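K.L.:
Sharing protein_5.cif, mmCIF, N, CA and C atoms:
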data_structure
#
loop_
_atom_site.label_atom_id
_atom_site.label_comp_id
_atom_site.auth_asym_id
_atom_site.auth_seq_id
_atom_site.Cartn_x
_atom_site.Cartn_y
_atom_site.Cartn_z
N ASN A 3 15.05 -2.78 5.60
CA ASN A 3 14.58 -4.12 5.91
C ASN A 3 14.36 -4.29 7.40
N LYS A 4 13.91 -3.23 8.08
CA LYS A 4 13.57 -3.38 9.49
C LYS A 4 12.24 -4.08 9.69
N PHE A 5 11.41 -4.14 8.66
CA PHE A 5 10.09 -4.72 8.77
C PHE A 5 10.13 -6.21 8.48
N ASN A 6 9.22 -6.94 9.13
CA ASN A 6 8.95 -8.32 8.77
C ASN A 6 8.58 -8.39 7.29
N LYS A 7 9.14 -9.37 6.59
CA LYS A 7 8.91 -9.48 5.15
C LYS A 7 7.44 -9.67 4.84
N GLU A 8 6.76 -10.56 5.57
CA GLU A 8 5.35 -10.82 5.28
C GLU A 8 4.50 -9.59 5.57
N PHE A 9 4.88 -8.82 6.59
CA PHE A 9 4.14 -7.61 6.92
C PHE A 9 4.26 -6.58 5.79
N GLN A 10 5.49 -6.27 5.36
CA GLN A 10 5.69 -5.29 4.29
C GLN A 10 5.05 -5.75 2.99
N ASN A 11 5.17 -7.04 2.68
CA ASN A 11 4.59 -7.58 1.45
C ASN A 11 3.07 -7.51 1.46
N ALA A 12 2.45 -7.81 2.61
CA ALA A 12 0.99 -7.73 2.69
C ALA A 12 0.52 -6.29 2.51
N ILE A 13 1.22 -5.34 3.13
CA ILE A 13 0.84 -3.94 2.94
C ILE A 13 0.92 -3.56 1.47
N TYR A 14 2.05 -3.85 0.83
CA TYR A 14 2.23 -3.46 -0.57
C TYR A 14 1.24 -4.19 -1.47
N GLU A 15 1.10 -5.51 -1.31
CA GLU A 15 0.27 -6.24 -2.26
C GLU A 15 -1.20 -5.93 -2.07
N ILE A 16 -1.65 -5.72 -0.83
CA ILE A 16 -3.04 -5.33 -0.62
C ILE A 16 -3.31 -3.94 -1.20
N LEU A 17 -2.32 -3.03 -1.17
CA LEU A 17 -2.48 -1.78 -1.89
C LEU A 17 -2.53 -2.00 -3.41
N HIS A 18 -1.76 -2.95 -3.92
CA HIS A 18 -1.61 -3.16 -5.36
C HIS A 18 -2.82 -3.87 -5.99
N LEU A 19 -3.49 -4.73 -5.25
CA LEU A 19 -4.55 -5.57 -5.83
C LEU A 19 -5.65 -4.73 -6.46
N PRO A 20 -5.96 -4.92 -7.74
CA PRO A 20 -6.84 -3.95 -8.43
C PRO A 20 -8.31 -4.12 -8.12
N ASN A 21 -8.73 -5.30 -7.68
CA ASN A 21 -10.15 -5.60 -7.58
C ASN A 21 -10.67 -5.53 -6.14
N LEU A 22 -9.92 -4.96 -5.22
CA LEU A 22 -10.49 -4.65 -3.93
C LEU A 22 -11.19 -3.29 -3.98
N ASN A 23 -12.36 -3.19 -3.32
CA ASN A 23 -12.95 -1.87 -3.14
C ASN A 23 -12.26 -1.16 -1.96
N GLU A 24 -12.58 0.12 -1.78
CA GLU A 24 -11.82 0.91 -0.82
C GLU A 24 -12.07 0.45 0.60
N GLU A 25 -13.32 0.08 0.92
CA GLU A 25 -13.63 -0.38 2.27
C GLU A 25 -12.89 -1.68 2.59
N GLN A 26 -12.79 -2.59 1.62
CA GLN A 26 -12.07 -3.84 1.84
C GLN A 26 -10.60 -3.58 2.09
N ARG A 27 -9.98 -2.70 1.30
CA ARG A 27 -8.58 -2.35 1.51
C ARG A 27 -8.37 -1.82 2.91
N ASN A 28 -9.18 -0.83 3.30
CA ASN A 28 -9.05 -0.23 4.63
C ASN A 28 -9.25 -1.26 5.73
N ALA A 29 -10.14 -2.23 5.53
CA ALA A 29 -10.36 -3.23 6.55
C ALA A 29 -9.15 -4.14 6.68
N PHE A 30 -8.56 -4.52 5.54
CA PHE A 30 -7.35 -5.32 5.60
C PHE A 30 -6.23 -4.57 6.29
N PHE A 31 -6.09 -3.27 6.02
CA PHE A 31 -5.03 -2.50 6.65
C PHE A 31 -5.26 -2.40 8.15
N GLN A 32 -6.50 -2.21 8.59
CA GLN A 32 -6.74 -2.19 10.03
C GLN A 32 -6.43 -3.55 10.65
N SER A 33 -6.77 -4.64 9.95
CA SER A 33 -6.47 -5.96 10.49
C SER A 33 -4.97 -6.19 10.62
N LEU A 34 -4.18 -5.70 9.65
CA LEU A 34 -2.73 -5.79 9.73
C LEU A 34 -2.18 -5.06 10.94
N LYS A 35 -2.73 -3.88 11.21
CA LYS A 35 -2.32 -3.12 12.38
C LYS A 35 -2.71 -3.83 13.67
N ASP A 36 -3.94 -4.36 13.72
CA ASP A 36 -4.43 -5.11 14.87
C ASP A 36 -3.48 -6.23 15.27
N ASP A 37 -3.02 -7.00 14.29
CA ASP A 37 -2.24 -8.21 14.57
C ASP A 37 -1.31 -8.47 13.41
N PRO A 38 -0.10 -7.93 13.45
CA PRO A 38 0.85 -8.16 12.36
C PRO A 38 1.23 -9.62 12.15
N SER A 39 0.99 -10.51 13.13
CA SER A 39 1.33 -11.91 12.89
C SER A 39 0.41 -12.53 11.84
N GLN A 40 -0.71 -11.88 11.55
CA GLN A 40 -1.69 -12.37 10.60
C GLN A 40 -1.40 -11.93 9.18
N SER A 41 -0.21 -11.39 8.91
CA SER A 41 0.05 -10.78 7.60
C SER A 41 -0.14 -11.77 6.46
N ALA A 42 0.40 -12.99 6.59
CA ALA A 42 0.29 -13.90 5.46
C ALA A 42 -1.14 -14.39 5.28
N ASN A 43 -1.85 -14.62 6.39
CA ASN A 43 -3.26 -15.00 6.27
C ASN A 43 -4.08 -13.92 5.59
N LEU A 44 -3.82 -12.66 5.96
CA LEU A 44 -4.57 -11.54 5.43
C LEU A 44 -4.25 -11.33 3.95
N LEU A 45 -2.98 -11.48 3.56
CA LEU A 45 -2.64 -11.35 2.14
C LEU A 45 -3.32 -12.43 1.32
N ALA A 46 -3.30 -13.67 1.81
CA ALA A 46 -3.97 -14.75 1.09
C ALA A 46 -5.47 -14.48 0.96
N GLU A 47 -6.06 -13.94 2.03
CA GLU A 47 -7.49 -13.63 2.01
C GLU A 47 -7.76 -12.52 1.01
N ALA A 48 -6.93 -11.48 1.03
CA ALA A 48 -7.11 -10.37 0.10
C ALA A 48 -6.96 -10.82 -1.36
N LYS A 49 -5.98 -11.68 -1.63
CA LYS A 49 -5.80 -12.17 -3.00
C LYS A 49 -7.00 -12.99 -3.46
N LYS A 50 -7.54 -13.86 -2.59
CA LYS A 50 -8.72 -14.62 -2.97
C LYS A 50 -9.90 -13.71 -3.25
N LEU A 51 -10.06 -12.66 -2.42
CA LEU A 51 -11.13 -11.69 -2.63
C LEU A 51 -10.94 -10.92 -3.93
N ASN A 52 -9.70 -10.51 -4.21
CA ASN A 52 -9.40 -9.84 -5.46
C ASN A 52 -9.80 -10.68 -6.66
N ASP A 53 -9.48 -11.98 -6.60
CA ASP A 53 -9.71 -12.86 -7.74
C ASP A 53 -11.19 -13.19 -7.90
N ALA A 54 -11.94 -13.12 -6.81
CA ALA A 54 -13.38 -13.30 -6.82
C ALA A 54 -14.12 -12.07 -7.33
N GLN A 55 -13.44 -10.94 -7.48
CA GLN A 55 -14.09 -9.69 -7.84
C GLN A 55 -13.54 -9.13 -9.16
N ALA A 56 -13.01 -9.99 -10.03
CA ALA A 56 -12.60 -9.51 -11.35
C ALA A 56 -13.83 -9.16 -12.18
N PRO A 57 -13.80 -8.06 -12.95
CA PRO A 57 -14.95 -7.73 -13.80
C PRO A 57 -15.31 -8.88 -14.72
N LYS A 58 -16.61 -9.08 -14.91
CA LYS A 58 -17.11 -10.13 -15.80
C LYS A 58 -17.39 -9.53 -17.16
N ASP B 2 -2.39 2.91 20.90
CA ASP B 2 -2.81 3.74 19.78
C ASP B 2 -2.66 2.97 18.47
N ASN B 3 -3.75 2.37 17.99
CA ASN B 3 -3.66 1.40 16.91
C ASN B 3 -4.70 1.59 15.80
N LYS B 4 -5.46 2.68 15.80
CA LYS B 4 -6.43 2.91 14.74
C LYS B 4 -5.74 3.17 13.41
N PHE B 5 -6.30 2.59 12.34
CA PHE B 5 -5.80 2.81 10.99
C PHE B 5 -6.36 4.11 10.42
N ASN B 6 -5.48 4.91 9.82
CA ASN B 6 -5.84 6.17 9.17
C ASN B 6 -6.00 5.93 7.67
N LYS B 7 -7.25 5.97 7.20
CA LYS B 7 -7.61 5.68 5.81
C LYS B 7 -6.99 6.63 4.79
N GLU B 8 -6.34 7.71 5.24
CA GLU B 8 -5.53 8.50 4.32
C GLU B 8 -4.43 7.66 3.68
N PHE B 9 -3.95 6.63 4.38
CA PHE B 9 -2.95 5.75 3.80
C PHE B 9 -3.43 5.12 2.49
N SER B 10 -4.68 4.64 2.44
CA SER B 10 -5.13 3.96 1.22
C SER B 10 -5.19 4.91 0.04
N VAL B 11 -5.68 6.13 0.27
CA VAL B 11 -5.86 7.11 -0.81
C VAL B 11 -4.51 7.49 -1.40
N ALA B 12 -3.62 8.04 -0.57
CA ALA B 12 -2.32 8.45 -1.05
C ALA B 12 -1.47 7.26 -1.47
N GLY B 13 -1.61 6.13 -0.78
CA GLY B 13 -0.87 4.94 -1.18
C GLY B 13 -1.22 4.47 -2.59
N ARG B 14 -2.50 4.50 -2.94
CA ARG B 14 -2.89 4.09 -4.29
C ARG B 14 -2.36 5.05 -5.33
N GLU B 15 -2.20 6.31 -4.96
CA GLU B 15 -1.66 7.28 -5.90
C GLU B 15 -0.17 7.03 -6.14
N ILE B 16 0.58 6.77 -5.08
CA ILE B 16 1.99 6.46 -5.23
C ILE B 16 2.18 5.14 -5.98
N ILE B 17 1.41 4.10 -5.65
CA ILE B 17 1.74 2.79 -6.19
C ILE B 17 1.39 2.72 -7.68
N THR B 18 0.58 3.64 -8.19
CA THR B 18 0.22 3.65 -9.60
C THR B 18 0.96 4.73 -10.37
N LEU B 19 1.96 5.38 -9.76
CA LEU B 19 2.86 6.23 -10.53
C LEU B 19 3.69 5.35 -11.45
N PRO B 20 3.63 5.55 -12.78
CA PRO B 20 4.16 4.54 -13.71
C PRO B 20 5.67 4.46 -13.79
N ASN B 21 6.41 5.50 -13.43
CA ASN B 21 7.85 5.54 -13.66
C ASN B 21 8.70 5.32 -12.41
N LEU B 22 8.09 5.09 -11.24
CA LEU B 22 8.88 4.74 -10.09
C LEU B 22 9.32 3.29 -10.20
N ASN B 23 10.50 2.99 -9.65
CA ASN B 23 10.92 1.60 -9.60
C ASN B 23 10.30 0.94 -8.35
N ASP B 24 10.46 -0.38 -8.24
CA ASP B 24 9.86 -1.08 -7.11
C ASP B 24 10.45 -0.64 -5.77
N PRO B 25 11.79 -0.54 -5.61
CA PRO B 25 12.32 -0.06 -4.32
C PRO B 25 11.76 1.30 -3.93
N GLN B 26 11.58 2.21 -4.90
CA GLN B 26 11.02 3.52 -4.59
C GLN B 26 9.58 3.46 -4.11
N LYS B 27 8.74 2.71 -4.80
CA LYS B 27 7.36 2.55 -4.39
C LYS B 27 7.27 1.98 -2.99
N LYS B 28 8.07 0.95 -2.73
CA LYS B 28 8.03 0.25 -1.45
C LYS B 28 8.50 1.16 -0.32
N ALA B 29 9.54 1.97 -0.56
CA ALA B 29 10.04 2.87 0.47
C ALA B 29 9.04 4.01 0.73
N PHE B 30 8.46 4.60 -0.32
CA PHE B 30 7.40 5.58 -0.10
C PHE B 30 6.23 4.96 0.66
N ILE B 31 5.80 3.75 0.27
CA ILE B 31 4.65 3.15 0.93
C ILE B 31 4.93 2.86 2.39
N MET B 32 6.13 2.38 2.72
CA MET B 32 6.37 2.10 4.14
C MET B 32 6.54 3.38 4.94
N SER B 33 7.02 4.45 4.30
CA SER B 33 7.07 5.74 5.00
C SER B 33 5.66 6.25 5.27
N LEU B 34 4.77 6.09 4.28
CA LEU B 34 3.37 6.49 4.42
C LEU B 34 2.67 5.65 5.47
N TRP B 35 2.95 4.35 5.49
CA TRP B 35 2.36 3.49 6.51
C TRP B 35 2.75 3.96 7.90
N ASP B 36 4.01 4.36 8.06
CA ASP B 36 4.50 4.75 9.38
C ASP B 36 3.92 6.08 9.83
N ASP B 37 3.57 6.96 8.90
CA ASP B 37 2.95 8.23 9.25
C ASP B 37 2.12 8.74 8.08
N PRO B 38 0.86 8.32 8.01
CA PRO B 38 0.00 8.78 6.90
C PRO B 38 -0.26 10.28 6.88
N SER B 39 -0.03 10.99 8.00
CA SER B 39 -0.21 12.44 8.01
C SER B 39 0.76 13.13 7.05
N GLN B 40 1.85 12.48 6.66
CA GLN B 40 2.80 13.05 5.71
C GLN B 40 2.39 12.87 4.27
N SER B 41 1.13 12.54 3.99
CA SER B 41 0.76 12.16 2.62
C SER B 41 1.11 13.25 1.60
N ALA B 42 0.75 14.52 1.86
CA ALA B 42 0.98 15.55 0.84
C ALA B 42 2.46 15.67 0.50
N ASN B 43 3.33 15.62 1.51
CA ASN B 43 4.76 15.76 1.27
C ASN B 43 5.32 14.59 0.49
N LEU B 44 4.94 13.37 0.88
CA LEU B 44 5.42 12.18 0.17
C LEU B 44 4.88 12.12 -1.25
N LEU B 45 3.62 12.50 -1.46
CA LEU B 45 3.09 12.50 -2.83
C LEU B 45 3.82 13.50 -3.70
N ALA B 46 4.17 14.66 -3.15
CA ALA B 46 4.89 15.65 -3.95
C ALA B 46 6.27 15.14 -4.33
N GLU B 47 6.96 14.51 -3.37
CA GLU B 47 8.26 13.92 -3.67
C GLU B 47 8.12 12.80 -4.69
N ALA B 48 7.11 11.94 -4.52
CA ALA B 48 6.97 10.79 -5.41
C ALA B 48 6.64 11.24 -6.82
N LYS B 49 5.82 12.28 -6.94
CA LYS B 49 5.42 12.76 -8.26
C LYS B 49 6.59 13.41 -8.99
N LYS B 50 7.42 14.19 -8.29
CA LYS B 50 8.62 14.74 -8.91
C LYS B 50 9.57 13.64 -9.38
N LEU B 51 9.80 12.61 -8.56
CA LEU B 51 10.60 11.47 -8.99
C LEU B 51 9.98 10.79 -10.21
N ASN B 52 8.67 10.58 -10.16
CA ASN B 52 8.00 9.96 -11.30
C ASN B 52 8.27 10.74 -12.59
N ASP B 53 8.24 12.09 -12.52
CA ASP B 53 8.55 12.91 -13.71
C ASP B 53 10.00 12.75 -14.14
N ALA B 54 10.92 12.80 -13.17
CA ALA B 54 12.34 12.76 -13.49
C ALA B 54 12.71 11.47 -14.20
N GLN B 55 11.93 10.42 -13.96
CA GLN B 55 12.17 9.10 -14.52
C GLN B 55 11.23 8.74 -15.66
N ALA B 56 10.51 9.72 -16.20
CA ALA B 56 9.65 9.48 -17.35
C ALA B 56 10.47 9.12 -18.59
N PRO B 57 9.91 8.29 -19.47
CA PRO B 57 10.65 7.90 -20.67
C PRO B 57 10.99 9.10 -21.55
N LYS B 58 12.21 9.15 -22.07
CA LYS B 58 12.62 10.17 -23.06
C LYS B 58 13.39 9.52 -24.19
#
Written as structure tokens, that's how I'd like the structure from this file.
P.N.:
Amino acid sequence: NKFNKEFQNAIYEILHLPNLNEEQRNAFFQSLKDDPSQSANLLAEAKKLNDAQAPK
Amino acid sequence: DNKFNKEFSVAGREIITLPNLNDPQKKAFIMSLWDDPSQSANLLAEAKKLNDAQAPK
């Protein structure tokens, strides 16, 4: 538990989300590295993107 | 030194979809991989052996 909870959760959940493409995942991970304070914003963004990309 | 190494996404997706790991195991492998993605082959081999050892019987 040395990591910030929101940081670790964003990494795990962005890896877990099934409807992100690979480029989107990699972009979220680079953004997390760029600015870890943005972890909760980035997770919320990734979840909205995931839900917008469910197969029809 | 802050560039993201996309090897993390590839090996990370392989670990996180191993069906028999528990959540603490997945999370610890993933954070180890995040800290050094160059270790992907070693971590995947460890994770896959654990996944087998914990397969349903």
K.L.:
Using the chain letters and residue numbers of this document, give as a ChimeraX atom specification the residues selected by the PyMOL selection byres ((chain A and resi 44-53) around 6.5).
P.N.:
/A:12,16,19-22,40-43,54-56
K.L.:
Quick one, how far is CA of residue 52 (chain B) from CA of residue 19 (chain B)?
P.N.:
6.4 Å
K.L.:
Please write the residues picked by the PyMOL selection byres ((chain B) within 7 of (chain A)) on this file as a list in words.
P.N.:
residues 3, 4, 5, 7, 10, 13, 14, 17 and 28 of chain B
K.L.:
Mind listing the alpha helix (DSSP H) residues of chain B, per DSSP on the backbone, as a ChimeraX atom specification?
P.N.:
/B:8-17,24-36,41-54
K.L.:
What separation in Å, quoted to one decimal, exists between CA of residue 54 (chain B) and CA of residue 38 (chain B)?
P.N.:
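Separation of CA of residue 54 (chain B) and CA of residue 38 (chain B): 24.2 Å.
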K.L.:
For residue 9 (chain B), please output as a count of residues only all residues within 8 Å (counting only C-alpha atoms; exclusion window: fewer than 5 positions along the same chain).
P.N.:
4
K.L.:
Provide region 10-32 of chain A rebuilt to N, CA, C and O atoms, formatted as a PDB file, in the frame of the given file.
P.N.:
ATOM      1  N   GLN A  10       5.490  -6.270   5.360  1.00  0.00           N
ATOM      2  CA  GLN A  10       5.690  -5.290   4.290  1.00  0.00           C
ATOM      3  C   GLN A  10       5.050  -5.750   2.990  1.00  0.00           C
ATOM      4  O   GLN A  10       4.468  -4.947   2.253  1.00  0.00           O
ATOM      5  N   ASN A  11       5.170  -7.040   2.680  1.00  0.00           N
ATOM      6  CA  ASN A  11       4.590  -7.580   1.450  1.00  0.00           C
ATOM      7  C   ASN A  11       3.070  -7.510   1.460  1.00  0.00           C
ATOM      8  O   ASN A  11       2.444  -7.191   0.439  1.00  0.00           O
ATOM      9  N   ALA A  12       2.450  -7.810   2.610  1.00  0.00           N
ATOM     10  CA  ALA A  12       0.990  -7.730   2.690  1.00  0.00           C
ATOM     11  C   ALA A  12       0.520  -6.290   2.510  1.00  0.00           C
ATOM     12  O   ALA A  12      -0.425  -6.027   1.775  1.00  0.00           O
ATOM     13  N   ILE A  13       1.220  -5.340   3.130  1.00  0.00           N
ATOM     14  CA  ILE A  13       0.840  -3.940   2.940  1.00  0.00           C
ATOM     15  C   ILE A  13       0.920  -3.560   1.470  1.00  0.00           C
ATOM     16  O   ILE A  13      -0.039  -3.023   0.899  1.00  0.00           O
ATOM     17  N   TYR A  14       2.050  -3.850   0.830  1.00  0.00           N
ATOM     18  CA  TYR A  14       2.230  -3.460  -0.570  1.00  0.00           C
ATOM     19  C   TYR A  14       1.240  -4.190  -1.470  1.00  0.00           C
ATOM     20  O   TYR A  14       0.584  -3.570  -2.303  1.00  0.00           O
ATOM     21  N   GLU A  15       1.100  -5.510  -1.310  1.00  0.00           N
ATOM     22  CA  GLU A  15       0.270  -6.240  -2.260  1.00  0.00           C
ATOM     23  C   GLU A  15      -1.200  -5.930  -2.070  1.00  0.00           C
ATOM     24  O   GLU A  15      -1.946  -5.850  -3.059  1.00  0.00           O
ATOM     25  N   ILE A  16      -1.650  -5.720  -0.830  1.00  0.00           N
ATOM     26  CA  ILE A  16      -3.040  -5.330  -0.620  1.00  0.00           C
ATOM     27  C   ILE A  16      -3.310  -3.940  -1.200  1.00  0.00           C
ATOM     28  O   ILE A  16      -4.374  -3.705  -1.798  1.00  0.00           O
ATOM     29  N   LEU A  17      -2.320  -3.030  -1.170  1.00  0.00           N
ATOM     30  CA  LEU A  17      -2.480  -1.780  -1.890  1.00  0.00           C
ATOM     31  C   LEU A  17      -2.530  -2.000  -3.410  1.00  0.00           C
ATOM     32  O   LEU A  17      -3.259  -1.298  -4.130  1.00  0.00           O
ATOM     33  N   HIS A  18      -1.760  -2.950  -3.920  1.00  0.00           N
ATOM     34  CA  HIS A  18      -1.610  -3.160  -5.360  1.00  0.00           C
ATOM     35  C   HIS A  18      -2.820  -3.870  -5.990  1.00  0.00           C
ATOM     36  O   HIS A  18      -3.096  -3.658  -7.185  1.00  0.00           O
ATOM     37  N   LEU A  19      -3.490  -4.730  -5.250  1.00  0.00           N
ATOM     38  CA  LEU A  19      -4.550  -5.570  -5.830  1.00  0.00           C
ATOM     39  C   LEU A  19      -5.650  -4.730  -6.460  1.00  0.00           C
ATOM     40  O   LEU A  19      -6.234  -3.873  -5.782  1.00  0.00           O
ATOM     41  N   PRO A  20      -5.960  -4.920  -7.740  1.00  0.00           N
ATOM     42  CA  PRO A  20      -6.840  -3.950  -8.430  1.00  0.00           C
ATOM     43  C   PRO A  20      -8.310  -4.120  -8.120  1.00  0.00           C
ATOM     44  O   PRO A  20      -9.080  -3.169  -8.324  1.00  0.00           O
ATOM     45  N   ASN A  21      -8.730  -5.300  -7.680  1.00  0.00           N
ATOM     46  CA  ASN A  21     -10.150  -5.600  -7.580  1.00  0.00           C
ATOM     47  C   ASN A  21     -10.670  -5.530  -6.140  1.00  0.00           C
ATOM     48  O   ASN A  21     -11.769  -6.010  -5.853  1.00  0.00           O
ATOM     49  N   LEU A  22      -9.920  -4.960  -5.220  1.00  0.00           N
ATOM     50  CA  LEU A  22     -10.490  -4.650  -3.930  1.00  0.00           C
ATOM     51  C   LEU A  22     -11.190  -3.290  -3.980  1.00  0.00           C
ATOM     52  O   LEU A  22     -10.718  -2.369  -4.640  1.00  0.00           O
ATOM     53  N   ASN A  23     -12.360  -3.190  -3.320  1.00  0.00           N
ATOM     54  CA  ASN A  23     -12.950  -1.870  -3.140  1.00  0.00           C
ATOM     55  C   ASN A  23     -12.260  -1.160  -1.960  1.00  0.00           C
ATOM     56  O   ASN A  23     -11.431  -1.745  -1.264  1.00  0.00           O
ATOM     57  N   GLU A  24     -12.580   0.120  -1.780  1.00  0.00           N
ATOM     58  CA  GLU A  24     -11.820   0.910  -0.820  1.00  0.00           C
ATOM     59  C   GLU A  24     -12.070   0.450   0.600  1.00  0.00           C
ATOM     60  O   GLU A  24     -11.139   0.396   1.408  1.00  0.00           O
ATOM     61  N   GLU A  25     -13.320   0.080   0.920  1.00  0.00           N
ATOM     62  CA  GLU A  25     -13.630  -0.380   2.270  1.00  0.00           C
ATOM     63  C   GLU A  25     -12.890  -1.680   2.590  1.00  0.00           C
ATOM     64  O   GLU A  25     -12.412  -1.871   3.721  1.00  0.00           O
ATOM     65  N   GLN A  26     -12.790  -2.590   1.620  1.00  0.00           N
ATOM     66  CA  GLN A  26     -12.070  -3.840   1.840  1.00  0.00           C
ATOM     67  C   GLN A  26     -10.600  -3.580   2.090  1.00  0.00           C
ATOM     68  O   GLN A  26     -10.014  -4.139   3.027  1.00  0.00           O
ATOM     69  N   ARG A  27      -9.980  -2.700   1.300  1.00  0.00           N
ATOM     70  CA  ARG A  27      -8.580  -2.350   1.510  1.00  0.00           C
ATOM     71  C   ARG A  27      -8.370  -1.820   2.910  1.00  0.00           C
ATOM     72  O   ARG A  27      -7.495  -2.295   3.636  1.00  0.00           O
ATOM     73  N   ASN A  28      -9.180  -0.830   3.300  1.00  0.00           N
ATOM     74  CA  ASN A  28      -9.050  -0.230   4.630  1.00  0.00           C
ATOM     75  C   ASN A  28      -9.250  -1.260   5.730  1.00  0.00           C
ATOM     76  O   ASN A  28      -8.619  -1.153   6.788  1.00  0.00           O
ATOM     77  N   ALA A  29     -10.140  -2.230   5.530  1.00  0.00           N
ATOM     78  CA  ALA A  29     -10.360  -3.230   6.550  1.00  0.00           C
ATOM     79  C   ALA A  29      -9.150  -4.140   6.680  1.00  0.00           C
ATOM     80  O   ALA A  29      -8.736  -4.491   7.787  1.00  0.00           O
ATOM     81  N   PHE A  30      -8.560  -4.520   5.540  1.00  0.00           N
ATOM     82  CA  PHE A  30      -7.350  -5.320   5.600  1.00  0.00           C
ATOM     83  C   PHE A  30      -6.230  -4.570   6.290  1.00  0.00           C
ATOM     84  O   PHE A  30      -5.502  -5.156   7.100  1.00  0.00           O
ATOM     85  N   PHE A  31      -6.090  -3.270   6.020  1.00  0.00           N
ATOM     86  CA  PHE A  31      -5.030  -2.500   6.650  1.00  0.00           C
ATOM     87  C   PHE A  31      -5.260  -2.400   8.150  1.00  0.00           C
ATOM     88  O   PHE A  31      -4.303  -2.494   8.934  1.00  0.00           O
ATOM     89  N   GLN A  32      -6.500  -2.210   8.590  1.00  0.00           N
ATOM     90  CA  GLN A  32      -6.740  -2.190  10.030  1.00  0.00           C
ATOM     91  C   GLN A  32      -6.430  -3.550  10.650  1.00  0.00           C
ATOM     92  O   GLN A  32      -5.849  -3.621  11.732  1.00  0.00           O
TER      93      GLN A  32
END
